[PDB]
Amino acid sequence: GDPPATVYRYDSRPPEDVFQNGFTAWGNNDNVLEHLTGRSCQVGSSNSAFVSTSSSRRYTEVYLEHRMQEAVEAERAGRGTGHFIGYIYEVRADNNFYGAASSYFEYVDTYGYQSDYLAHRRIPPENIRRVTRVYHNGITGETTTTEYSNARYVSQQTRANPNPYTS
């Protein structure tokens, strides 16, 4: 029952960025509830201090597939071309990654998800092992999946933090 050593992240940005630069959080807002509900992420205030990840690869695949299907529906409605490129990054978790569920309960119990892990501030490029790229051709309907390894990845023994996030 150890914390996961491996987590996954769906993102629109490509490895030429992520493999060299890692992921950087939107900002300095470390309110766990605002992050988990998305209020501080891109669709909200775009200032969350956490980069979202999941220990469940399937979770990130469902997310990617949903964004792809939304591109398909936009084409069927004439408000899009149907083209879609998404990425799933495979990431080594360390002590800056905090379990969402435990962090949520710590927050609500004090001031008031099971597979989600909040990476505080950054996921350095050395933590990012590989990426799966999924390309959906909106014109022909064909989907193609490719994989790439990060030469900058550092293999070391780390796992997610066992404790909830606290500010």
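Numbers for residues come from their place in the sequence shown, where the first is 1.
Visitor: Which class fits the unmodelled deposited stretch between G141 and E142: none, 1 to 3, 4 to 9, or 10 or more?
Guide: The entry has no unmodelled residues between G141 and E142.
Visitor: Mean CA B-factor: is it higher for 146-154 or for 5-13?
Guide: Here the higher of the two C-alpha B-factor means belongs to 146-154.
Visitor: On mean Cα temperature factor in this entry, is 27-35 or 48-56 the higher one?
Guide: The recorded data point to 27-35.
Visitor: From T132, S115, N127, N137, which pick has the Cα B-factor that tops the rest in the entry?
Guide: Checking the PDB record, the top C-alpha B-factor among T132, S115, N127, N137 is at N137.
Visitor: Comparing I85 with the other modelled residues of its chain, is its CA B-factor in the lowest, middle or highest third?
Guide: For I85, the deposited C-alpha B-factor lands in the middle third.
Visitor: Sorting by Cα B-factor within the chain, modelled residues only, which third would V43 end up in: lowest, middle or highest?
Guide: Highest third, going by the recorded CA B-factors of the chain.
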